[PDB]
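**Q** What follows is a single structure, and I will ask about it in a moment.
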Amino acid sequence: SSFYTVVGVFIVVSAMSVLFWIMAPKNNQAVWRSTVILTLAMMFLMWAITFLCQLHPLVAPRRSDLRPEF
Amino acid sequence: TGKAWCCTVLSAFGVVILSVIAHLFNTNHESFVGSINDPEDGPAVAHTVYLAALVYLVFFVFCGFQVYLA
Amino acid sequence: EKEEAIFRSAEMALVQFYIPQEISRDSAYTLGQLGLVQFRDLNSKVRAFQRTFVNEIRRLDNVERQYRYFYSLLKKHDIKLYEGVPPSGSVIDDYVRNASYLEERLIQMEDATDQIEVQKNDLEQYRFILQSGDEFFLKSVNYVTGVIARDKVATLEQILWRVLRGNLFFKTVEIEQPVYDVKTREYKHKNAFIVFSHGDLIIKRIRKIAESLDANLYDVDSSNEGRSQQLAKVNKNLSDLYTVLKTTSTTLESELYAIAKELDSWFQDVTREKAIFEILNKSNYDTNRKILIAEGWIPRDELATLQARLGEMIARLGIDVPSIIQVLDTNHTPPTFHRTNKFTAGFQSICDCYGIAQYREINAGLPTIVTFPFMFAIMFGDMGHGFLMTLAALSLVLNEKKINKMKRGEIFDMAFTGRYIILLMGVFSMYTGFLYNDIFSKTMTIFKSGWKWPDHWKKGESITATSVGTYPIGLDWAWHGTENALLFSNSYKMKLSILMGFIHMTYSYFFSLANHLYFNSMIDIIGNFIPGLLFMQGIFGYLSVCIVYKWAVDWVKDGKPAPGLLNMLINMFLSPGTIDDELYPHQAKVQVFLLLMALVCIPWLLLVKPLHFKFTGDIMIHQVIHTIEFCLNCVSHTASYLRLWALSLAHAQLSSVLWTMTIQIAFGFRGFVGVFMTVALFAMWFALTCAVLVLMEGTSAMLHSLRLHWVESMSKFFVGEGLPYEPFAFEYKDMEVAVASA
Amino acid sequence: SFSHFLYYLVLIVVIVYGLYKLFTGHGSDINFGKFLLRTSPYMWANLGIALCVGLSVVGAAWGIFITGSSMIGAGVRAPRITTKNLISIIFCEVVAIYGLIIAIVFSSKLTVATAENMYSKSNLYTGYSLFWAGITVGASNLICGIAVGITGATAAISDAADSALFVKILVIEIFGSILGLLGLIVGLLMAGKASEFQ
Amino acid sequence: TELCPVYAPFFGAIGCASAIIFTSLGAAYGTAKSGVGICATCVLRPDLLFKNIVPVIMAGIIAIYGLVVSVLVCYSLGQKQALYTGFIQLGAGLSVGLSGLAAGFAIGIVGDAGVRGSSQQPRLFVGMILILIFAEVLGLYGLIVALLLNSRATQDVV
Amino acid sequence: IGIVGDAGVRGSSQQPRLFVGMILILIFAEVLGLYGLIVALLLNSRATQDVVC
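Chains as they are written, first to last, in the UniProt record's numbering: chain A, 2 to 71; chain B, 7 to 76; chain C, 3 to 86, 100 to 154, 183 to 659, 709 to 834; chain D, 16 to 213; chain E, 2 to 159; chain F, 108 to 160.
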């Protein structure tokens, strides 16, 4: 859609990160917080990169082997 | 011996992967019959891959029975 | 409360133990079961009577050596051990005496049965020669026959050929079973040989030659069946010798069975006694008041447990132990202790391989838990291989308790220890393969494509798609099979590598910030952190935001030319103030400001700290070296993160070549030939996938992720040089490991 | 040997060909000037850049394996030497840094010239300049890397023998590194007035 | 034409070949030398086997860099490309290939020496890893120059 | 032929039975020149066959 899709997904992921930081289990709390929040950060970052590279692409797919029926 | 277990693992993976491949060929999936170089047969390739998956199923059953027996 | 101690190392306190002499063993045992005290070696300096308990250590080491000898005998006879309050002190003496007595008896028995075995082997070889065919003995004394080691049969034949000047009738026959030799203590394969010659002189020369090669020569009666009487004699001798050997071996195995049911308990008790006496040897023995001064490092939150357990031990031992614990402040470096669990142990271990964390600095293992598997996943981005390795890791972790208390080895042990590492690598590899839209070189078609192919085209026509949207998650599957798929994906993955590396480096450098705040080194914040942060951001964070912004801007729609970011970055330094293609308004001013900021930050780092020292030495040269290293690293590490894209490209190309070869070829055939070809080519494809993609590329991706954490990440914050926390604790020492470490 | 046989054969062929061209009145047919004029400036510029970075890396890696093999051998008995003998590895690296920097600066000049201005005075100058400055930087860096690696090997050996002997050989290493720096400076001066292709 | 002669793709194709070939030769030298060192070391110290594999993997990354550049300059190839473009691809291939050749040779020599030394002195493993990292960033530098040239390959070519 | 004949006469002086083996290996070395001769003869037979000026 646009960069605002990335911004909205970031808002959702940040809300989840804050609520998990608040609601992290007491046992291994630092482990839970670091693992989950950093996992969310890396997953979202790589999704956002993949989404942005395709948002306004400068190169379009080109091929000479696609059958016309498909 | 470990030969039976290795063949069991390979044959279970064969059943799963070749069943998925045969289904994708039968449904004329883009990633498998889309290209000109890809087989024109479609469901005819699906039948062959189904037969191969059945062969791997026979191997899987035989080796799984053998490893439990041994 | 109980400190988690995974973000930073646990807090340590140095404690003095004022152990009375009469309860020293009891105190050492109690501290051993507690397992939370790492004892300083107060007798570390070399001097006379340095260790008070050398004799006890010698006794227990001798007993351990005797137990290792017993276990070697037990393994020799394929006998299994029975693996299913301190000892009285007299119990240790009983162990020492019993070990000496049983060692004497077992050496005597082993020597007797070894003589019986060697004579039996001689007679068995002589019987085997006598059991050869008549043609073996067909081309006074007419020949020399014997048994020689397999490694020397060729040497013997060559020598006999040369001494006899040709004219050699030499036969050798393999002996099926290897025969033990006492000289080398090796189970050497042997050959029965025969050589034919007439003269007495050449017979004795051949005999001397063979015996020089340690060949057991034998006297066969004749070349005819008259040797049957010797064969019968040897059979009688072997029968009597078998009776004697059984008589000896049954008693020897009875004694071995008797000691095997309790050898493990003996080894555990003796190892614990040697450990406690090692600890007591670290304690100053103040003879005036008969106390042992023991200095130990203990976690501060475990100090209450220390005091409670020692108080209970004292309460059991009368009331004659006052004030056994005294915490004393010191300038010694506390050990670095991180409280790991089954999940975090592997990541902490891989971080600690580079170095042990400094006391109380931020632990790298906690970020590593995510960053290492996810960097691996970026370089291993295939859902198929990610799923395979996830399955391996799930088999490891679901059978975790079964595989615990199981003999693993080395490869299995490595896989088990890093089972959660492999689990997260596999899960993240499935996620990153989904983002790459790659499964066994194929693509998913989960969502509607953002690309619409032309309405109509002819067979073999070049068609270019039209952007009708954006793929929700992952690379759009329209790129699969296109002739410019790698053109788009290389830009994507190169920029992705740069961006993820920039984020990782920034996170690590902010860890350096938090270290500076924790150690209250504001001078480091002002003169080491801030200039470096501004340099690294204003150059490479600016590059990263430029990448993202150029992604966000629609250049074709706006009619503006999409700027080359590499050219932009290079001209930012070579040609300040000039913009070839304008990424954003006021680009020249922002870029020159960033360049001046980055240039200023180098004198900043190189001077603000040493000038703070001098104006408020070796700090100057240290800071100059640090600034040179940091400035080189800020560029070299960003460059090094291109290995993410490099390995992802190599992994994808290897998957494609393994699929297009082998398995894809099978899809073009039909009939029984087609079915067999599909089966064989799937077997081949799976084998090469496991051996090349999971094994070669997987190991490469693990190593390069480890490199990026040790070099690119931990160089930002990790000081290292910390002392590992190794508390004095009791454990079940394995007899296999003990003998293997002899 | 065989290689020397090819050298002699090539020299003989060159002399026979040159004499044949000279005697037949066609000595000017071997036109090195026309070859330089009609050859693409892009070939010279790209060969200069590629040889610059590649030879600089060759020297850096060369000296790295020299110094590193000596450091690891000398560290079996003196593992202490490693930490401060990494300075030799850094001195060999700085050579490839020079080559990389020159490659970047020179590739900044690799613009597309117009068809009618391909072989202009400025474009031919830029091709020759980038070619020769790339060879200068790359060869000076290869030489400097080999020399610095040799000196770092001797420094590792001397450090293992005695701790006090390392600093003098380190000064010799600095003198070796000056050579790669001078190659950098001369390469920058040779391409200093070379315009980008226009 | 003048700007796009028929032989212009030769430099691009031979640059692609050079990028893969010289990096593969460097990686093969590194793999062979380090692997002989590993086999020699692990006869008596098999416990250091998988710890000693590091030079072989850092040799493989050299060939991976060459593969990256070969993929790039292959996708930039064309029948009617400019001589500018062909020499850009030749320069990229030559730069990465020669850098990877040098880096792989250094990795082989240093990794051989260092697996042997770490067999004798475990403290030498870290030093050997550090020297190998220094040797690997050289192939990285060749890759970086190749990336710059390849990025510039598409500029204003007509 | 030179290498094999050298080895086989140096070994046949010690082992008379090696003579026939050396003969066999020498025949295998000789058929190489024979194959070259056959190729040359076929070429020469085609040298002037269907040839014009």
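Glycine residues also receive a C-beta, built at the ideal position from the N, C-alpha and C atoms.
1) Compile a chain-ordered list of the residues in the region 617-641 of chain C whose CB is closer than 9 Å to at least one CB of chain D.
2) Please list the segments of the alpha helix (DSSP H) lying wholly inside the region 214-298 of chain C, counting only runs of 4 or more residues, in order along the chain.
3) Please list, in chain order, all residues of the same chain as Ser-618(C) whose beta carbon is under 8 Å from its beta carbon, the five residues on each side excluded.
4) Just by C-beta distance, which residues in the region 133-154 of chain D are closer than 8 Å to chain E?
5) Could you check how far apart the C-beta atoms of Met-537(C) and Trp-802(C) are, in whole angstroms? I think they sit under 8 Å.
6) Out of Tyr-733(C), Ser-748(C), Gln-146(C), which one is the CA nearest neighbour of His-523(C)?
7) Determine the contact status of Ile-96(D) and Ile-132(E), defining contact as a CB-CB distance below 9 Å.
8) Leaving out five residues on either side along the sequence, give the residues of the same chain with a beta carbon under 8 Å from the beta carbon of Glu-66(C).
9) Buried or exposed for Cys-67(D), going by 16 or more other Cβ atoms inside 10 Å?
10) If the cut-off is 8 Å on Cβ atoms, which residues from the region 105-127 of chain C count as contacting chain B, listed in chain order?
11) Expressed to the nearest angstrom, what Euclidean distance is found between the alpha-carbon atoms of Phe-820(C) and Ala-528(C)?
12) Which residues of chain A have a Cβ atom closer than 8 Å to the Cβ of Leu-542(C), listed in chain order?
13) Quick one: list the residues of chain E neighbouring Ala-731(C), beta-carbon separation under 9 Å, in chain order.
14) Pull out every residue of the region 583-607 of chain C whose Cβ sits closer than 9 Å to any Cβ of chain E, in chain order.
15) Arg-153(E) versus chain D: which residues are under 7 Å apart at the beta carbon?
16) Can you tell which of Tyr-8(E), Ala-14(E), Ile-108(E) has the C-alpha that lies nearest to the C-alpha of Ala-28(E)?
17) Mind checking whether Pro-606(C) and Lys-593(C) have CB atoms under 9 Å apart?
18) Using three-state DSSP, classify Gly-339(C) as helix, strand or coil.
19) Classify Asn-480(C) as buried or exposed, calling it buried when 16 or more other Cβ atoms lie within 10 Å of its own Cβ.
20) Under three-state DSSP, which class holds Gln-82(E)?
21) Taking a cut of 7 Å between CB atoms, which residues from the region 71-104 of chain E lie near chain C?
22) Can at least three beta-carbon pairs, one atom from the region 75-95 of chain D and one from the region 165-181 of chain D, be found at a separation below 8 Å?
23) Taking 9 Å as the cut-off, decide whether the C-beta atoms of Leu-139(E) and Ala-114(E) are in contact.
24) Considering Cα atoms alone, identify which of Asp-194(C), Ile-566(C), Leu-299(C), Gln-23(C) is closest to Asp-80(C).
25) Can you pull the chain E neighbours of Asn-61(D), defined as C-beta to C-beta under 7 Å?
26) By a C-beta neighbour count over all protein chains shown, 10 Å radius and 16 as the cutoff for buried, is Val-55(E) buried or exposed?
27) I'd like to know if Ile-134(E) contacts chain H, where contact means its C-beta is closer than 9 Å to some C-beta of that chain.
28) For chain A, check one thing: does any of its Cβ atoms lie closer than 9 Å to the Cβ of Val-771(C)?
29) What does the alpha-carbon distance come out to for the pair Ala-20(E) and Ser-100(E)?
30) Along the chain, where does the alpha helix (DSSP H) containing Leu-185(D) start, and where does it finish?
31) Who are the near neighbours of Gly-74(D) in its chain, counting only those whose CB is closer than 7 Å to its CB and skipping five residues on each side?
32) Going by beta-carbon coordinates alone, are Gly-34(C) and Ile-322(C) separated by less than 9 Å?
33) Need the endpoints of the beta strand (DSSP E) that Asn-100(D) sits in, please.
34) How about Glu-453(C): is its C-beta nearer than 9 Å to some C-beta of chain E?
35) Just the C-alpha distance for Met-712(C) and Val-14(A), rounded to the nearest angstrom, thanks.
36) Given that a residue counts as buried once 16 or more other Cβ atoms are within 10 Å of its Cβ, and exposed if not, what is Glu-108(D)?
**A** The short version:
1) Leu-617, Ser-618
2) List check, alpha helix (DSSP H) in window: 243-255.
3) Same-chain partners within the cutoff: there are none.
4) Cβ contacts with chain E come from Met-133.
5) Their Cβ separation, rounded to whole angstroms, is 23 Å, which puts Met-537(C) and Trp-802(C) out of contact at 8 Å.
6) Checking every option, the nearest Cα to that of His-523(C) belongs to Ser-748(C).
7) no
8) The residues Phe-310, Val-313, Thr-314, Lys-317, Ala-830, in chain order, have a CB closer than 8 Å to that of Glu-66(C) in the same chain once the five nearest residues on each side in sequence are set aside.
9) So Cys-67(D) counts as buried.
10) none
11) 59 Å
12) The answer, in chain order, is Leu-46, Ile-50.
13) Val-138, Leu-141, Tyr-142, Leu-144, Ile-145
14) Cβ contacts with chain E come from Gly-607.
15) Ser-122, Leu-125
16) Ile-108(E)
17) Result yes, Cβ atoms of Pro-606(C) and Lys-593(C) sit closer than 9 Å.
18) strand
19) buried
20) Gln-82(E): coil per DSSP, three-state reduction.
21) Listed by position along the chain: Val-72, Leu-73, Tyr-76.
22) yes
23) no
24) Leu-299(C)
25) Per Cβ cutoff of 7 Å: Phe-88, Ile-89, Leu-91, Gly-92.
26) buried
27) No chain H appears in the structure shown, which is made up of the protein chains A, B, C, D, E and F.
28) At a cut-off of 9 Å between beta-carbon atoms, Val-771(C) makes no contact with chain A.
29) 10 Å
30) 181-205
31) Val-110, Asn-156, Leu-157, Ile-158, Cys-159, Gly-160, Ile-161
32) yes
33) Looking at the DSSP string, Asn-100(D) is not in any beta strand (DSSP E); the run it does join, the alpha helix (DSSP H), is 96-122.
34) yes
35) 45 Å
36) buried
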